[PDB]
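Below: model-v2.txt (compact mmCIF, C-alpha atoms and all ligand atoms)
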```
# COMPACT_ATOMS: atom_id res chain seq x y z
CA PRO Z 8 -14.01 18.37 30.86
CA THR Z 9 -11.50 19.13 28.08
CA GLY Z 10 -12.14 18.10 24.49
CA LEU Z 11 -9.38 16.57 22.35
CA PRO Z 12 -7.25 19.30 20.63
CA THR Z 13 -7.20 18.40 16.93
CA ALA Z 14 -6.58 21.61 14.95
CA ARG Z 15 -3.29 21.46 13.01
CA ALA Z 16 -1.34 24.69 12.52
CA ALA Z 17 -1.40 26.11 9.00
CA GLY Z 18 2.31 26.50 8.42
CA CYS Z 19 3.32 23.32 10.24
CA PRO Z 20 2.13 20.20 8.39
CA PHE Z 21 4.17 17.73 10.41
CA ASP Z 22 3.51 18.89 13.93
CA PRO Z 23 0.76 17.93 16.35
CA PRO Z 24 -2.21 20.17 17.20
CA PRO Z 25 -0.74 22.97 19.35
CA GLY Z 26 -3.08 22.40 22.32
CA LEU Z 27 -1.74 18.91 23.04
CA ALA Z 28 1.68 19.96 24.40
CA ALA Z 29 0.51 22.25 27.15
CA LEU Z 30 -2.13 19.67 28.16
CA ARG Z 31 0.42 16.83 28.26
CA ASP Z 32 3.04 18.76 30.06
CA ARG Z 33 0.52 19.74 32.84
CA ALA Z 34 -1.61 16.56 33.11
CA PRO Z 35 -0.57 13.59 30.94
CA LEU Z 36 -3.80 11.85 32.03
CA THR Z 37 -6.86 14.11 32.19
CA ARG Z 38 -10.64 13.84 31.97
CA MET Z 39 -12.04 14.21 28.47
CA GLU Z 40 -15.51 14.57 26.95
CA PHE Z 41 -15.69 12.47 23.78
CA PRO Z 42 -17.44 13.65 20.61
CA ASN Z 43 -20.56 11.58 21.50
CA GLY Z 44 -20.73 13.02 25.03
CA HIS Z 45 -19.10 10.04 26.86
CA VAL Z 46 -16.97 11.27 29.76
CA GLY Z 47 -13.70 9.33 29.78
CA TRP Z 48 -10.01 10.15 29.82
CA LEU Z 49 -7.23 11.41 27.57
CA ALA Z 50 -3.67 10.04 27.82
CA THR Z 51 -1.01 12.28 26.19
CA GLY Z 52 2.22 11.43 28.03
CA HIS Z 53 4.55 8.79 26.66
CA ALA Z 54 4.59 6.72 29.87
CA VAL Z 55 0.81 6.85 30.35
CA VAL Z 56 0.13 5.96 26.69
CA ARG Z 57 2.50 2.98 27.04
CA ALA Z 58 0.67 1.88 30.19
CA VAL Z 59 -2.66 1.94 28.34
CA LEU Z 60 -1.30 0.07 25.32
CA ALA Z 61 0.51 -2.61 27.37
CA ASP Z 62 -2.36 -3.50 29.72
CA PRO Z 63 -4.63 -6.37 28.65
CA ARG Z 64 -7.36 -4.90 30.91
CA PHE Z 65 -7.87 -2.30 28.14
CA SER Z 66 -10.23 -3.45 25.36
CA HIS Z 67 -10.01 -2.44 21.72
CA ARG Z 68 -13.44 -3.81 20.80
CA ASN Z 69 -15.58 -1.31 18.92
CA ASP Z 70 -18.64 -2.35 21.01
CA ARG Z 71 -16.71 -1.44 24.20
CA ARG Z 72 -14.79 1.77 23.50
CA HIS Z 73 -15.90 5.20 22.38
CA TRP Z 74 -14.24 6.69 19.32
CA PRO Z 75 -12.30 9.88 20.11
CA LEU Z 76 -12.39 11.52 16.64
CA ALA Z 77 -16.04 11.26 15.58
CA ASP Z 78 -19.49 11.69 17.14
CA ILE Z 79 -20.77 8.22 16.53
CA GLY Z 82 -19.78 -0.02 17.73
CA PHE Z 83 -20.05 -3.62 16.51
CA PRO Z 84 -18.27 -6.83 17.54
CA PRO Z 85 -15.05 -7.56 15.62
CA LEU Z 86 -15.14 -9.42 12.34
CA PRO Z 87 -13.11 -12.60 11.81
CA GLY Z 88 -9.50 -11.75 11.15
CA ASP Z 89 -9.56 -8.22 12.54
CA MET Z 90 -7.07 -8.85 15.29
CA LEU Z 91 -6.57 -5.15 16.09
CA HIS Z 92 -10.12 -5.02 17.49
CA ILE Z 93 -10.20 -8.47 19.10
CA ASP Z 94 -9.43 -8.83 22.81
CA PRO Z 95 -7.66 -11.66 24.64
CA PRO Z 96 -7.80 -14.59 24.65
CA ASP Z 97 -8.79 -14.73 20.95
CA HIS Z 98 -6.26 -11.97 20.26
CA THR Z 99 -3.56 -14.05 21.96
CA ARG Z 100 -4.31 -16.95 19.60
CA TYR Z 101 -3.68 -14.70 16.58
CA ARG Z 102 -0.52 -13.29 18.18
CA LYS Z 103 0.99 -16.67 19.05
CA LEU Z 104 0.36 -17.92 15.52
CA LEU Z 105 1.55 -14.78 13.67
CA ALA Z 106 4.28 -13.05 15.72
CA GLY Z 107 6.96 -15.57 14.79
CA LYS Z 108 6.11 -15.18 11.08
CA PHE Z 109 6.63 -11.39 11.24
CA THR Z 110 10.06 -11.18 12.90
CA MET Z 111 12.77 -9.01 11.40
CA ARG Z 112 14.70 -12.15 10.43
CA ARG Z 113 11.74 -13.34 8.34
CA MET Z 114 10.84 -9.92 6.91
CA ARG Z 115 14.45 -9.22 5.90
CA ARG Z 116 14.05 -12.09 3.43
CA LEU Z 117 11.72 -9.73 1.52
CA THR Z 118 14.41 -7.03 1.19
CA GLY Z 119 15.17 -7.98 -2.41
CA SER Z 120 11.46 -7.89 -3.27
CA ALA Z 121 11.21 -4.42 -1.71
CA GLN Z 122 14.26 -3.18 -3.66
CA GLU Z 123 12.76 -4.39 -6.95
CA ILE Z 124 9.26 -3.04 -6.21
CA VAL Z 125 10.85 0.31 -5.37
CA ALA Z 126 13.08 0.14 -8.47
CA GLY Z 127 10.17 -0.51 -10.81
CA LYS Z 128 8.19 2.44 -9.51
CA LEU Z 129 11.20 4.76 -9.68
CA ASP Z 130 11.70 3.66 -13.30
CA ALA Z 131 8.08 4.47 -14.17
CA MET Z 132 8.43 7.90 -12.48
CA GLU Z 133 11.49 8.77 -14.58
CA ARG Z 134 9.77 7.63 -17.79
CA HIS Z 135 6.74 9.80 -17.09
CA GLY Z 136 8.82 12.80 -16.00
CA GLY Z 137 7.98 15.51 -13.48
CA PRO Z 138 5.71 16.86 -12.26
CA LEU Z 139 3.72 13.91 -10.94
CA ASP Z 140 1.88 12.80 -7.78
CA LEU Z 141 4.20 10.75 -5.55
CA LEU Z 142 1.20 8.94 -3.99
CA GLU Z 143 -0.18 7.60 -7.29
CA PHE Z 144 3.24 6.68 -8.65
CA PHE Z 145 5.08 5.42 -5.58
CA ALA Z 146 3.77 5.89 -2.00
CA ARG Z 147 0.55 3.88 -2.57
CA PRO Z 148 1.71 1.14 -5.02
CA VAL Z 149 4.93 0.27 -3.17
CA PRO Z 150 3.30 -0.92 0.10
CA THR Z 151 0.40 -2.48 -1.81
CA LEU Z 152 2.81 -4.61 -3.86
CA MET Z 153 4.75 -5.37 -0.67
CA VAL Z 154 1.67 -6.86 1.01
CA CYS Z 155 0.97 -8.79 -2.22
CA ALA Z 156 4.53 -10.19 -2.07
CA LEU Z 157 4.16 -11.09 1.63
CA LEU Z 158 0.89 -12.99 0.95
CA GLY Z 159 1.98 -14.51 -2.35
CA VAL Z 160 -0.71 -12.82 -4.47
CA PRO Z 161 -0.23 -13.95 -8.10
CA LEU Z 162 1.66 -11.31 -10.11
CA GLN Z 163 -1.14 -11.04 -12.66
CA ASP Z 164 -3.74 -10.22 -9.94
CA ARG Z 165 -1.89 -7.46 -8.08
CA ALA Z 166 -3.18 -4.63 -10.27
CA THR Z 167 -6.66 -5.05 -8.81
CA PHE Z 168 -5.39 -3.75 -5.43
CA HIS Z 169 -4.25 -0.20 -6.30
CA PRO Z 170 -5.31 2.57 -8.70
CA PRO Z 171 -3.51 2.45 -12.06
CA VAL Z 172 -0.37 4.58 -12.42
CA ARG Z 173 -1.11 6.93 -15.30
CA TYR Z 188 -10.50 0.34 -12.30
CA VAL Z 189 -12.80 -0.37 -9.35
CA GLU Z 190 -11.54 0.23 -5.82
CA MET Z 191 -12.13 -3.06 -4.01
CA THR Z 192 -14.44 -3.19 -1.03
CA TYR Z 193 -13.73 -5.39 1.98
CA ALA Z 194 -16.32 -7.84 0.62
CA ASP Z 195 -14.62 -7.86 -2.82
CA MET Z 196 -11.33 -8.66 -1.13
CA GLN Z 197 -12.82 -11.43 0.98
CA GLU Z 198 -14.20 -13.07 -2.18
CA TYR Z 199 -10.79 -12.83 -3.89
CA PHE Z 200 -8.88 -14.23 -0.91
CA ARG Z 201 -11.38 -17.11 -0.49
CA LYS Z 202 -10.36 -18.29 -3.96
CA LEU Z 203 -6.65 -17.62 -3.38
CA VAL Z 204 -6.67 -19.53 -0.07
CA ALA Z 205 -8.19 -22.55 -1.84
CA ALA Z 206 -5.53 -22.33 -4.56
CA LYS Z 207 -2.66 -22.17 -2.05
CA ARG Z 208 -4.14 -25.03 -0.06
CA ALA Z 209 -3.88 -27.13 -3.22
CA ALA Z 210 -0.49 -25.79 -4.40
CA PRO Z 211 1.59 -24.32 -1.55
CA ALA Z 212 4.40 -21.81 -2.17
CA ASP Z 213 7.02 -20.16 0.04
CA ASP Z 214 4.83 -17.32 1.30
CA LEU Z 215 2.87 -16.33 4.40
CA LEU Z 216 -0.59 -17.21 3.03
CA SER Z 217 0.47 -20.73 2.01
CA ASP Z 218 2.03 -21.17 5.44
CA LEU Z 219 -1.18 -20.10 7.17
CA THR Z 220 -3.32 -22.60 5.29
CA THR Z 221 -1.83 -25.22 7.69
CA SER Z 222 -2.91 -23.32 10.81
CA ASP Z 223 -6.09 -23.57 12.91
CA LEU Z 224 -7.58 -20.40 11.42
CA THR Z 225 -10.98 -20.88 9.85
CA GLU Z 226 -11.45 -19.86 6.23
CA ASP Z 227 -13.36 -16.80 7.42
CA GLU Z 228 -10.55 -15.83 9.82
CA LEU Z 229 -7.80 -16.29 7.23
CA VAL Z 230 -9.70 -14.46 4.47
CA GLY Z 231 -10.51 -11.63 6.90
CA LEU Z 232 -6.86 -11.39 7.97
CA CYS Z 233 -5.81 -11.03 4.32
CA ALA Z 234 -8.41 -8.35 3.55
CA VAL Z 235 -7.47 -6.42 6.67
CA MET Z 236 -3.77 -6.66 5.75
CA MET Z 237 -4.38 -5.00 2.37
CA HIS Z 238 -5.46 -1.87 4.29
CA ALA Z 239 -3.44 -2.24 7.51
CA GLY Z 240 -0.21 -2.60 5.55
CA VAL Z 241 -0.95 0.14 3.01
CA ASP Z 242 -2.68 3.26 4.35
CA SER Z 243 -0.18 4.21 7.07
CA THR Z 244 2.88 3.08 5.06
CA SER Z 245 1.79 5.17 2.08
CA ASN Z 246 1.31 8.30 4.18
CA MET Z 247 4.64 7.72 5.93
CA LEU Z 248 6.36 7.47 2.51
CA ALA Z 249 4.67 10.71 1.39
CA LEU Z 250 5.16 12.77 4.59
CA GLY Z 251 8.67 11.41 5.14
CA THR Z 252 9.77 12.25 1.59
CA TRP Z 253 8.40 15.78 1.96
CA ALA Z 254 10.14 16.29 5.31
CA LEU Z 255 13.47 14.95 4.03
CA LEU Z 256 13.50 17.07 0.88
CA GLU Z 257 13.15 20.22 3.06
CA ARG Z 258 16.26 19.14 5.02
CA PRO Z 259 19.09 18.83 2.49
CA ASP Z 260 21.56 18.70 5.36
CA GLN Z 261 19.94 15.47 6.57
CA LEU Z 262 19.80 14.09 3.04
CA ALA Z 263 23.56 14.76 2.80
CA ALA Z 264 24.11 12.82 6.01
CA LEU Z 265 22.10 9.88 4.64
CA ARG Z 266 23.92 9.97 1.28
CA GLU Z 267 27.33 10.03 3.02
CA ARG Z 268 26.36 7.34 5.57
CA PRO Z 269 23.70 5.06 4.03
CA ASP Z 270 23.67 3.03 7.25
CA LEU Z 271 21.69 5.96 8.72
CA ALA Z 272 18.60 4.66 6.88
CA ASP Z 273 17.51 2.61 9.89
CA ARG Z 274 17.72 5.58 12.29
CA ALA Z 275 16.05 7.87 9.75
CA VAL Z 276 13.01 5.56 9.51
CA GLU Z 277 12.59 5.51 13.30
CA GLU Z 278 12.92 9.27 13.57
CA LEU Z 279 10.40 9.82 10.77
CA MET Z 280 8.01 7.37 12.50
CA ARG Z 281 8.34 9.37 15.75
CA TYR Z 282 8.04 12.79 14.11
CA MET Z 283 5.07 12.06 11.85
CA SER Z 284 2.95 9.85 14.20
CA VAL Z 285 0.48 9.15 11.39
CA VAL Z 286 -1.67 6.84 13.61
CA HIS Z 287 -2.09 9.90 15.77
CA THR Z 288 -4.97 9.04 18.14
CA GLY Z 289 -6.87 6.00 19.37
CA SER Z 290 -8.84 4.76 22.35
CA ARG Z 291 -9.33 1.72 24.62
CA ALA Z 292 -12.02 0.86 27.19
CA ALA Z 293 -11.38 -0.42 30.69
CA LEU Z 294 -12.68 -4.00 31.15
CA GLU Z 295 -12.34 -3.59 34.93
CA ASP Z 296 -11.26 -0.77 37.23
CA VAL Z 297 -7.61 0.15 36.44
CA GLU Z 298 -5.22 2.39 38.36
CA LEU Z 299 -3.57 4.60 35.73
CA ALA Z 300 -1.27 7.57 36.47
CA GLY Z 301 -2.64 7.99 40.00
CA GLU Z 302 -6.34 7.80 38.98
CA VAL Z 303 -8.82 4.93 38.92
CA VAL Z 304 -10.24 4.49 35.43
CA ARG Z 305 -13.53 2.74 36.08
CA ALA Z 306 -14.80 -0.28 34.17
CA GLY Z 307 -16.55 0.88 31.00
CA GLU Z 308 -14.71 4.20 30.72
CA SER Z 309 -12.78 4.94 27.55
CA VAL Z 310 -9.24 6.29 27.55
CA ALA Z 311 -8.34 8.16 24.35
CA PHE Z 312 -4.60 8.16 23.72
CA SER Z 313 -2.46 10.51 21.64
CA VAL Z 314 0.43 8.71 19.91
CA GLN Z 315 1.45 12.04 18.41
CA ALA Z 316 1.62 13.82 21.79
CA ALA Z 317 3.49 10.88 23.31
CA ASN Z 318 6.07 10.98 20.46
CA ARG Z 319 6.79 14.68 21.20
CA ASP Z 320 6.94 14.20 25.00
CA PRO Z 321 10.03 15.98 26.45
CA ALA Z 322 9.88 13.53 29.36
CA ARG Z 323 10.99 10.84 26.89
CA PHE Z 324 12.89 12.55 24.03
CA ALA Z 325 15.49 15.29 23.92
CA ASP Z 326 14.48 18.25 21.72
CA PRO Z 327 11.29 16.40 20.75
CA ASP Z 328 10.14 18.96 18.24
CA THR Z 329 13.34 18.77 16.17
CA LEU Z 330 13.52 16.21 13.35
CA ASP Z 331 17.06 14.77 13.44
CA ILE Z 332 17.64 11.46 11.70
CA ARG Z 333 21.10 11.20 13.30
CA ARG Z 334 19.50 10.44 16.70
CA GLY Z 335 16.71 8.21 15.37
CA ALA Z 336 16.04 5.22 17.60
CA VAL Z 337 13.36 2.78 18.62
CA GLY Z 338 11.18 3.87 21.60
CA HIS Z 339 8.59 5.99 19.84
CA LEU Z 340 5.00 4.76 19.75
CA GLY Z 341 4.43 5.15 15.99
CA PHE Z 342 3.92 1.37 15.68
CA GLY Z 343 1.94 1.25 18.87
CA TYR Z 344 3.07 -0.78 21.85
CA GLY Z 345 2.14 -3.71 24.00
CA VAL Z 346 -0.91 -5.86 23.35
CA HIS Z 347 -1.61 -4.67 19.81
CA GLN Z 348 1.90 -3.54 18.76
CA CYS Z 349 1.88 -3.32 14.96
CA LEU Z 350 2.25 -6.84 13.62
CA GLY Z 351 3.75 -5.61 10.33
CA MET Z 352 6.26 -3.17 11.85
CA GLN Z 353 9.35 -5.13 10.72
CA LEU Z 354 8.05 -5.39 7.15
CA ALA Z 355 7.20 -1.67 7.24
CA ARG Z 356 10.76 -0.95 8.40
CA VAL Z 357 12.28 -3.11 5.60
CA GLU Z 358 10.28 -1.30 2.93
CA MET Z 359 10.87 2.23 4.27
CA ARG Z 360 14.59 1.57 4.80
CA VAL Z 361 14.82 0.70 1.08
CA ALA Z 362 12.45 3.37 -0.22
CA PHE Z 363 13.60 6.63 1.39
CA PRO Z 364 17.30 6.45 0.37
CA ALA Z 365 16.43 5.00 -3.08
CA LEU Z 366 14.08 7.89 -3.91
CA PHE Z 367 16.83 10.45 -3.32
CA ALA Z 368 19.55 8.34 -4.90
CA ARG Z 369 17.53 8.25 -8.14
CA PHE Z 370 16.17 11.83 -7.90
CA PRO Z 371 18.65 13.86 -5.80
CA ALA Z 372 16.85 17.15 -6.58
CA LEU Z 373 13.39 15.79 -5.70
CA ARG Z 374 11.22 18.69 -4.56
CA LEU Z 375 7.60 19.79 -4.39
CA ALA Z 376 6.01 20.74 -7.71
CA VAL Z 377 3.56 23.20 -6.08
CA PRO Z 378 3.63 25.73 -3.25
CA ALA Z 379 3.67 23.88 0.08
CA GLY Z 380 0.33 25.49 1.04
CA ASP Z 381 -1.30 23.86 -1.98
CA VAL Z 382 -0.48 20.29 -0.85
CA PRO Z 383 -3.90 18.80 0.01
CA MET Z 384 -3.73 17.62 3.61
CA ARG Z 385 -6.02 15.00 5.08
CA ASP Z 386 -8.71 16.49 7.33
CA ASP Z 387 -7.71 16.84 11.00
CA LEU Z 388 -9.84 13.89 12.18
CA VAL Z 389 -8.86 11.29 9.57
CA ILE Z 390 -6.60 8.46 10.66
CA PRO Z 391 -3.93 7.92 9.47
CA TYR Z 392 -2.83 11.48 8.89
CA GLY Z 393 -1.13 12.34 5.62
CA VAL Z 394 -1.84 13.93 2.25
CA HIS Z 395 -4.18 13.20 -0.61
CA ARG Z 396 -1.56 13.95 -3.27
CA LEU Z 397 2.08 15.07 -3.15
CA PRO Z 398 3.04 16.81 -6.44
CA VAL Z 399 6.81 16.40 -6.94
CA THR Z 400 9.38 17.07 -9.62
CA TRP Z 401 13.20 16.70 -9.94
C1 LIG H 1 4.63 2.70 8.61
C2 LIG H 1 3.59 1.86 8.47
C3 LIG H 1 2.69 1.41 9.63
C4 LIG H 1 2.26 2.12 10.75
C5 LIG H 1 2.47 3.57 11.09
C6 LIG H 1 1.47 1.17 11.48
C7 LIG H 1 0.93 1.47 12.72
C8 LIG H 1 0.26 0.60 13.53
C9 LIG H 1 -0.26 0.94 14.85
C10 LIG H 1 -0.06 2.29 15.57
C11 LIG H 1 -0.93 -0.13 15.32
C12 LIG H 1 -1.60 -0.25 16.69
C13 LIG H 1 -2.89 0.63 16.75
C14 LIG H 1 -3.48 0.67 18.16
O1 LIG H 1 -2.78 0.40 19.15
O2 LIG H 1 -4.69 1.07 18.25
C15 LIG H 1 -0.84 -1.18 14.31
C16 LIG H 1 -1.37 -2.44 14.38
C17 LIG H 1 -1.30 -3.39 13.37
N1 LIG H 1 -0.63 -3.27 12.13
FE1 LIG H 1 0.48 -1.70 11.56
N2 LIG H 1 1.41 -0.05 10.88
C18 LIG H 1 2.17 0.07 9.71
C19 LIG H 1 2.43 -1.00 8.85
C20 LIG H 1 1.85 -2.23 8.88
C21 LIG H 1 2.05 -3.28 7.92
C22 LIG H 1 3.04 -3.21 6.75
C23 LIG H 1 1.26 -4.32 8.28
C24 LIG H 1 1.05 -5.67 7.62
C25 LIG H 1 1.79 -6.17 6.65
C26 LIG H 1 0.53 -3.95 9.50
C27 LIG H 1 -0.33 -4.73 10.21
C28 LIG H 1 -0.86 -4.44 11.46
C29 LIG H 1 -1.64 -5.33 12.26
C30 LIG H 1 -2.16 -6.73 11.83
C31 LIG H 1 -1.91 -4.69 13.46
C32 LIG H 1 -2.74 -5.22 14.65
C33 LIG H 1 -1.80 -6.01 15.57
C34 LIG H 1 -2.52 -6.59 16.80
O3 LIG H 1 -3.73 -6.25 16.99
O4 LIG H 1 -1.92 -7.38 17.57
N3 LIG H 1 0.96 -2.67 9.87
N4 LIG H 1 -0.12 -0.69 13.21
```

Represent the structure of the file as structure tokens.
Amino acid sequence: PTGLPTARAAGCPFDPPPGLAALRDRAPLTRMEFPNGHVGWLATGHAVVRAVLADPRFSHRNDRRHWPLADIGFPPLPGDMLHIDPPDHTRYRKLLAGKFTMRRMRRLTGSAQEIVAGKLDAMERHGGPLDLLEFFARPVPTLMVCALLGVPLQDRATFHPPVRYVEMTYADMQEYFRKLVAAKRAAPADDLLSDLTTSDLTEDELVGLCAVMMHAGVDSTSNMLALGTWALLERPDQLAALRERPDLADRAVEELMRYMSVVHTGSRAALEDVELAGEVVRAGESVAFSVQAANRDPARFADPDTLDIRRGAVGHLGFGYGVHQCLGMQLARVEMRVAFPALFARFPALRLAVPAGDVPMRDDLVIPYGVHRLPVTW
């Protein structure tokens, strides 16, 4: 019956569409008509979203689910583990999870510090005003994925717009990574891609995984760096707390993840009848889920609509949950824990360079949410 509430409020860039809260607080699982007319369900409560995301009976194949944000489904491509179901998905997870632990990703902390440092240096040389996305929020996570995969230093510039060029397609990236995989097979190094050349993945699977990673590790991270910097610079009291207690970086990253919920909406399809929140979701029905509503659920978080880095903690669903929990979440944490405090240590008076209403927001249906540019000065 209901449609998905998607309209953001004009003075409130960080908060969810107003209609979600009253829906969630009344019926955290409810019937929903999708943009294409499919009648499925909408999960907005934190517990019900977790139950959807943890249950392997829920498919993420694009030829099984209906998309909740557009009125529009093909089988998954090699390497696109987010849209592959068990048991193939389980093969990717068993191979990759142990390579993506915090203990392994913390070994890239120095790389993250130096990537961050280099982009801060180029910002100061240019001077304000400038676009934080072009100078910092997009190149930092791009160079981080390049470091993770061991992309040659002299090739990395092909993967992001020049800081002041052809934007690579998926096919362009597959061609590049086919060559790089062959090179690492012949001459291994201490990096993830070299390590994976000894696995059972086919060339097509490994090349697809790399091309996916260059988007999966970049788009959301970039928009988190932009939105999180904007939110922090409006809260000088929280910046003071982070300056005085730099150990608060870890909590601040979790609280920003919860508050921003940039991967705001998704869906899954039932592979068989599933009891969910007192209802039977029948085989073939899609359940849309709202990460952003779940991350503001008062059933789960005190004062959910207040941003307070001092109480930041794991438990939010900003990296997903369960079957397809974000593989890169520990790397994302390492890079954001470096980046947010470093930006304000170098530019303590960082602030917007335009009226807040002039910041160009992404359209309400785009995922991830974020901004197209973030003009800043200092
Ligand atoms: C702050 C930055 C990031 C956010 C907000 C984010 C968010 C997410 C979310 C919400 C999902 C699950 C989507 C769903 O359930 O439909 C996911 C999956 C995934 N992410 Fe991330 N991610 C980020 C960074 C990264 C990075 C840095 C990498 C790689 C280096 C990465 C790789 C992946 C992969 C491979 C999956 C699929 C995992 C699976 O299917 O088992 N992510 N991410």

Q.
Please identify all protein, DNA and RNA residues within 8 Å of ligand LIG 1 (chain H), counting only C-alpha atoms and all ligand atoms, and report them as a count of residues only.
A. 56

Between region 260-317 of chain Z and region 20-33 of chain Z, at 7 Å or less, what are the per-residue closest atom pairs and their distances in Å? Count all atoms listed in the file, order by chain and rising residue number, and return it as a tab-separated table.
```
residue	atom	partner	partner_atom	distance
Z:283	CA	Z:21	CA	5.9
Z:315	CA	Z:23	CA	6.3
Z:316	CA	Z:27	CA	6.2
```

Q.
So that I can see what lies close to region 38-48 of chain Z, please list as a ChimeraX atom specification the residues with an atom at most 7 Å from it, counting all atoms listed in the file and leaving out residues fewer than 6 positions away in the same chain.
A. /Z:8-10,75-79,308-311

Q) Between Z:265, Z:304, Z:272, Z:191, which is the closest to residue 50 (chain Z) once you count all atoms listed in the file? A) Z:304

Q. At what distance in Å, to one decimal, does CA of residue 397 (chain Z) lie from CA of residue 141 (chain Z)?
A. 5.4 Å

Q. CA of residue 199 (chain Z) and CA of residue 148 (chain Z) are how many Å apart?
A.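 Going from CA of residue 199 (chain Z) over to CA of residue 148 (chain Z), I get 18.8 Å.
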
Q) Hey, can you pull every residue with an atom no more than 12 Å from (4.9, 18.2, -10.0), using all atoms listed in the file, and send it as a list in words? A) residues 132, 135, 136, 137, 138, 139, 140, 141, 142, 144, 373, 374, 375, 376, 377, 378, 379, 381, 382, 396, 397, 398, 399, 400 and 401 of chain Z

With all atoms of region 90-96 of chain Z from the file as input, state the centre and edge lengths in Å to one decimal of the axis-aligned box that has 3 Å extra on each side, as lines of an AutoDock Vina configuration file.
```
center_x = -8.4
center_y = -9.8
center_z = 20.0
size_x = 9.6
size_y = 15.6
size_z = 15.4
```

(Q) If I take CA of residue 62 (chain Z) and CA of residue 297 (chain Z), how far is one from the other in Å, to one decimal? (A)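 It comes out at 9.3 Å.
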